[PDB]
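In the form deposited in one PDB entry, a lone chain appears below as structure tokens.
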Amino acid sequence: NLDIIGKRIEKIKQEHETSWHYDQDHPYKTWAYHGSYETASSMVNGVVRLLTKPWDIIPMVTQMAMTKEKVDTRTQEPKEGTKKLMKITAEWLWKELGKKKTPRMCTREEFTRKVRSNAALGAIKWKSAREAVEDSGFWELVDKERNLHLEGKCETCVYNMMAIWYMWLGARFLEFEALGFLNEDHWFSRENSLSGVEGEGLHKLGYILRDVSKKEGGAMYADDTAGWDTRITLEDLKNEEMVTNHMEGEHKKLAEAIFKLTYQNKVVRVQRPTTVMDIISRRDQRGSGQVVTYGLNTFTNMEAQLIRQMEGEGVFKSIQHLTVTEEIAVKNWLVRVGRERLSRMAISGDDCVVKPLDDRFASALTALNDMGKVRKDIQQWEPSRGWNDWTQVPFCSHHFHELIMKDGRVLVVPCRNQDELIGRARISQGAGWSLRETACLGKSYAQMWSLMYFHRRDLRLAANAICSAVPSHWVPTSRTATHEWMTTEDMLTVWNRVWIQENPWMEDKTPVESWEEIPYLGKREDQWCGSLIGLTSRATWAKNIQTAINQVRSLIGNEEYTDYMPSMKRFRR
């Protein structure tokens, strides 16, 4: 307890001893309270909204721009059989993930390059992050903390809740130095992990699900856990910590301290309107950096789903206790079929798709519920609803269509309801956006639509309009998946590289010569997925699109523009 968190608590108190009140009205039940002390809406993208006028009267789009009691829950201890299944499975999984990879420290050099390239390091004397890393003063702060971690102690690694937990850059760097290798060296790639998809773009994911569908077995299951991060047990944190068993020297001690001090024993500051800063502490739940959180969520989800598969296949009879011969059976299953079973899955952090050996999986719920990974929007003991067609499975907020080109070649394309796509592109995060920076964010969305959602009539038209309205040489940006659309290269050349040249599922490498060779969904399928084709509002928009393009060009001013509309049949004279 305070033997590990006390110093951080003392430092904060001393910096506010002029306001330190132990409020007895404090709401926290499951978070430990220590004391208090005296102490960001969405903006509309005008370039995208002016070029999507028909959506101005669709509430599912317009209401997206307008505007915890789950974290203060507790997770019961799993049973002895459950804790044994998890320990055996976790030990085996870190060894498999580590067969072709070497754990290693990430460096000041690597960390500084990431900060000077703008990435959500989730950080809070110095203005921007770029100021700290260019100041030898900061690194002495990092050194002090670092030598403290080697000492087995922590002073400044404190979470700030807003459910994203920001930390100071120094604490982030240290986290990155010890555990960044998981992401930087692609431990959760489909190559290294078999069930992972780390570094797979949206253009990959449908082909991966179609490959899982080719396996013999039951339905495809895609059960979402309710508030996954709140359901991470101290047992899960212990099993994740076993990656340090694969490390040596300094690195091992440094990683052991991140897990011990900042993951298994957290200090958090939360804003309460009642304005008193509450310094609360808890040992369980996930609160790490987003990138580390993604890799460890993928790890613990892969472990949980292999255990659900073992339950369905009858590898163990009861979670209450594993017999000695059940342990050797579990071990032997992993060694014998573990890799083949990992391949029957697609796992992206807390999101999974599983094609088990058969449908006994649907009612194999005792380990899943006892690990605390309770399914969303279904009764605790009701059997899972499976999907019979890989094209109807949800994954990473998408579904996937099989689309046949006029020349016979097969595209597997990502898709989601079109209101969600338009509504997101109409939103910008942050202050001080110039008109040029707003235009370049609109161009980023347009180019993403050309590459990923070209098969949606409305998005190919709106993408071409936005690209026509923004000066041709202005570079797409985003302050906030492999992002092939972030480029000033011709989008037809990028489309060819992504969908033909580099696509391992396309045997014929004949390049496409024009956008007219690139197909759409069926007209009726496009409407099912939210297209406005067939409405009067949409027909007037499409017919008059040059007038909308010219409105935005007039606002931006005398610049160099390209007309992309004649790349579409209906504007080709």
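The numbering used is simple: start at 1 and walk along the sequence shown. Between two forms, the rigid core is defined as the largest C-alpha subset superposing within 1.5 Å.
- Missing-residue comparison: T480 falls in the unmodelled set for a third or more of the other PDB entries checked.
- Across the other PDB entries of this protein whose models span the neighbouring residues, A40 goes unmodelled in a third or more.
- Coordinates are absent for 4 to 9 residues of the deposited sequence placed between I124 and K125.
- Unmodelled stretch separating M162 from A163: 10 or more residues (count of deposited-sequence residues without coordinates).
- Higher mean CA temperature factor between 288 to 296 and 432 to 440: 288 to 296, per the PDB entry.
- For the two regions 180 to 188 and 138 to 146, the entry's Cα B-factors average higher over 138 to 146.
- Across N118, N332, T230, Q392, the greatest Cα temperature factor reported in the deposited entry is at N118.
- Taking the deposited Cα B-factors for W381, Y166, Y207, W499, the highest one is held by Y166.
- Compared with the other modelled residues of the chain, the Cα B-factor recorded for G98 ranks in the middle third.
- Per the deposited record, the Cα B-factor of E517 falls in the middle third when ranked against the other modelled residues of its chain.
- In the PDB entry, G312 places in the middle third of its chain by CA B-factor.
- Ranked within its chain, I422 lands in the lowest third, by CA B factor from the PDB record.
- In the deposited entry, the Cα temperature factor of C529 sits in the bottom third of values across the chain's modelled residues.
Another form exists, deposited in another entry; not displayed. Remarks below refer to it.
- Residue showing a CA shift of 2 Å or more between this form and the one not shown (rigid core superposed; candidates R341, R456, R172, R308): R456.
- In a rigid-core overlay of the protein, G522 has its C-alpha displaced by at least 2 Å between this form and the one not shown.
- After superposition on the rigid core, the Cα atom of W499 is displaced by 2 Å or more between this form and the one not shown.
- For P356, the Cα coordinates differ by under 2 angstroms between this form and the one not shown after the core has been superposed.
- Whereas the displayed form keeps them at a certain spacing, the CA atoms of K253 and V291 lie at least 3 angstroms closer in the other entry.
- Compared with the form shown here, the C-alpha atoms of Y263 and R116 sit at least 3 Å closer together in the other entry.
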